[PDB]
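S.K.: Structure in structure tokens, see below.
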Amino acid sequence: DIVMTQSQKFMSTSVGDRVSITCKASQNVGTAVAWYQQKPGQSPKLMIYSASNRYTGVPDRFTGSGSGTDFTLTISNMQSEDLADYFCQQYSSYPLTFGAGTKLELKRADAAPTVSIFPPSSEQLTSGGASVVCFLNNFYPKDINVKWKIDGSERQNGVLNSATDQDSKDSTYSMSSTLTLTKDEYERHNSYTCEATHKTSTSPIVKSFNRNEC
Amino acid sequence: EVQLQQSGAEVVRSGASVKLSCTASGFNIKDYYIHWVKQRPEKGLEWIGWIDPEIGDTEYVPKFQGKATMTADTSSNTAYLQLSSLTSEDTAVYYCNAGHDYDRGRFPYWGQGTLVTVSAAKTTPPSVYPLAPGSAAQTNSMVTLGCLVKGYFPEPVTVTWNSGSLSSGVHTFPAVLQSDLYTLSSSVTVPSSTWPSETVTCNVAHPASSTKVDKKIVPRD
């Protein structure tokens with residue numbers, strides 16, 4: 001199988017920018033490559049074929065180039081409607097294969113996340129389980145790291161992270177990080193800490209609580 | 001215009017089978033090869049194979065032999081994908097697309113995809129826990145409250161705050177699996193002066209289990 005590699009999963013852009021998306025083939029595919037555009041829950045669409053030919057109806061701001069193993073999709077003067085996922089595909093030979101996609105996102109001003117931590121509710125505790133949740137809301141850019149500490153010690157296991165897509169209105173991202181333990185594991189400790197490191201601050205944002213107070 | 005319309009999302013039990021449809025309008029599938037491609041969460045598209053609706057000839061890639069069965073019918077302009085002996089690994093969005101039979105592989109027409117979710121879990125109502133902030137006397141502005149919805153199957157659950165009156169400032173996260181059952185949280189941010197003087201309740205609904213739960217967030221734990 002020919003591997004089509006799109007090294008960039010995400011790219012921040014602004015309306016008016018010239019944007020280029022790369023795709024590398026593991027074997028010589030000639031110019032037998034096509035590019036597709038896809039938006040959430042919608043059909044992919046053919047944009048470029050034969051590496052550099054524009055498919056019927058696609059606007060003249062999309063062009064493609066390359067051959068052999070290195071290919072590039074270029075959007076000149078990017079428009080709002082261009083924010084979407086893009087993926088290359090080779091049809092040099094079987095099996096046909098696709099790149100993993102590159103998502104074009106919107107650029108805005110950096111914003112520091114709003115962090116909040118919550119202990120297990122007494123109710124969940126009567127159930128024998130204990131989830132400690134931390135929200136990291138409305139930040140930009142998306143690059144962020146959350147660290148948990150139980151009694152000042154890094155906790156690797158049991159945490160699940162979930163992220164919302166970039167907000168369609170305010171262009172920020174939000175995330176939830178939750179540490180799930182049993183009531184017994186949770187009750188054998190005092191200090192729980194949710195720490196967020198983001199480019200918006202040199203001192204990570206630290207939020208915590210002590211079980212014996214609360 | 002030329003369009004490929006696929007059937008709605010399916011939540012199926014492991015070991016069972018499911019048959020997906022892809023209907024063409026504005027054009028005829030006869031002179032095309034209809035291909036199907038799978039897309040797993042956080043993963044790239046993988047080709048399954050094609051069918052030549054004119055003769056019924058099909059070609060499958062080795063990973064899907066005995067897993068997928070493609071059929072077509074040119075009079076109704078519909079192609080089908082049957083998936084049998086389903087497992088967790090078959091959970092993905094499935095697309096049908098079309099390209100000229102004499103064409104090497106350009107995919108000018110694609111259906112919108114069908115999400116198939118496979119699990120051996122039984123339908124389970126969620127437990128809703130209130131997320132109230134501890135009594136930390138440190139003086140601050142805006143306050144964030146939340147609700148943890150845990151241990152339900154299948155998706156989805158819907159969550160509102162104050163019956164939809166509180167819409168701005170809420171974040172409801174994608175659900176994630178924790179040993180066969182789902183969990184998600186929702187946060188709401190309101191002015192510090194308005195809570196707790198004014199009630200804040202999260203309304204959680206889980207249509208699959210015919211359950212509705214309202215949790216009023218009160219101070220403490």
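No value in this document is a laboratory result; all are computed from the given coordinates. All Cβ positions, even for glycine, are placed from backbone atoms using ideal geometry, and neighbour counts span all protein chains on display.
S.K.: Which entries in the list A:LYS39/B:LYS30; A:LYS147/B:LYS122; B:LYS150/B:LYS212; A:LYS39/B:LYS67 go over 23 Å, if you measure between the two C-alpha atoms of each?
M.R.: Beyond 23 Å: A:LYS39/B:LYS30; A:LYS147/B:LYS122; A:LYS39/B:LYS67.
S.K.: In terms of modelled amide H atoms, which long-range or inter-chain residues lie less than 5 Å from the amide H of B:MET142?
M.R.: Placed amide hydrogens put B:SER192 under 5 Å from B:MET142.
S.K.: Report, in cubic angstrom per residue, the convex hull volume of the C-alpha atoms of region B:121-219.
M.R.: Spelled out: Cα convex hull of region B:121-219, divided by residues, is 94 Å³.
S.K.: OK, next. Count neighbours as other Cβ atoms within 10 Å of each site's Cβ, and list the GluC sites (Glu not before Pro) in region A:165-214 that are DSSP loop with at most 16 such neighbours.
M.R.: Sites meeting the loop and neighbour criteria: A:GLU187, A:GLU213.
S.K.: Let me see the pair-distance distribution of the protein assembly as shown: every alpha carbon pair, 10 Å bin width, integer percents in order.
M.R.: 4, 18, 25, 23, 18, 9, 2, 0
S.K.: Which entries in A:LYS107/A:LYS199; A:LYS24/B:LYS63; A:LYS9/A:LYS107; B:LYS43/B:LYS63; A:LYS142/A:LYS169; B:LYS38/B:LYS63 show an alpha-carbon gap greater than 18 Å?
M.R.: From the list (A:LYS107/A:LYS199; A:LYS24/B:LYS63; A:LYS9/A:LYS107; B:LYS43/B:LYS63; A:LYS142/A:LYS169; B:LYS38/B:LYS63), the Cα-Cα distance tops 18 Å for A:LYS24/B:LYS63.
S.K.: Sticking with this structure for a sec: Tell me, what is the percent relative contact order of region A:108-211, built from C-alpha pairs under 8 Å that lie six or more residues apart?
M.R.: The value is 33 percent.
S.K.: Could you please state, rounded to a whole Å, how far the C-alpha centre of region B:6-68 is from the C-alpha centre of region A:50-78?
M.R.: Taking the Cα centre of each part, region B:6-68 and region A:50-78 sit 28 Å apart.
S.K.: So for chain A, what are the equivalent ellipsoid semi-axes in whole Å, largest first, each being the square root of 5 times an eigenvalue of the Cα gyration tensor?
M.R.: In descending order, the three semi-axes are 45, 19, 14 Å.
S.K.: Tell me, what is the percent relative contact order of chain B, built from C-alpha pairs under 8 Å that lie six or more residues apart?
M.R.: 18 percent.
S.K.: Let me check the size of region A:108-211 from its C-alpha atoms; what are the radius of gyration and Dmax in Å?
M.R.: Rg then Dmax for region A:108-211, in Å: 14.4, 44.
S.K.: State the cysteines of chain A left without a partner when partners are defined as other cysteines whose beta carbon lies under 4.7 Å away.
M.R.: A:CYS214
S.K.: Summing -39500 (n - 2.57) over the DSSP H runs of n ≥ 4 in the protein assembly as shown and dividing by its residue number, what mean residue ellipticity at 222 nm do you reach, to the nearest 500 deg cm²/dmol?
M.R.: -500 deg cm²/dmol
S.K.: Also, quick follow-up: Quick one: grab Rg to one decimal and Dmax as a whole number for region B:1-120, Cα atoms only, in Å.
M.R.: Cα-based Rg and Dmax for region B:1-120 come out at 13.6, 42 Å.
S.K.: Now a separate question. Which order do the peptides B:16-28, B:48-60 come out in when sorted by mean C-beta neighbours inside 10 angstrom, highest first?
M.R.: Put in order of decreasing packing, that is B:48-60, B:16-28.
S.K.: Across 5 Å bins from 0, what is the distribution of all Cα-Cα pair distances for region A:27-70, in whole percents?
M.R.: 6, 24, 25, 19, 16, 7, 2
S.K.: Pick out, in residue order, every one of the trypsin sites (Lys or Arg not before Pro) in region B:79-135 that is DSSP loop and has at most 12 other C-beta atoms within 10 Å; say none if there are none.
M.R.: B:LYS122
S.K.: Among the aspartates and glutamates, which have Cα under 18 Å from the Cα of B:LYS215 when same-chain residues fewer than 8 positions away are ignored?
M.R.: A:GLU123, B:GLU198
S.K.: Counting only Cα atoms, I'd like the Rg/Rh figure for region A:1-107, Kirkwood definition for Rh.
M.R.: In region A:1-107, Rg relative to Rh is 0.94.
S.K.: Taking each residue in A:96-108, count the Cβ atoms of any other chain within 10 Å of its Cβ, then average. What number comes out?
M.R.: For peptide A:96-108, the averaged partner shielding equals 3.
S.K.: List the relative contact order of chain A as a percent without decimals, with contacts defined as Cα pairs under 8 Å and 6+ residues apart.
M.R.: Dividing the mean separation by the residue count of chain A yields 18 percent.
S.K.: Ok, one more. Would you give the gap between the C-alpha center of region A:148-205 and the C-alpha center of region B:106-146, rounded to a whole Å?
M.R.: 15 Å
S.K.: Here is a further query. For chain B, what ratio Rg/Rh do Cα atoms give with a Kirkwood hydrodynamic radius?
M.R.: The Rg/Rh ratio comes out at 1.15.
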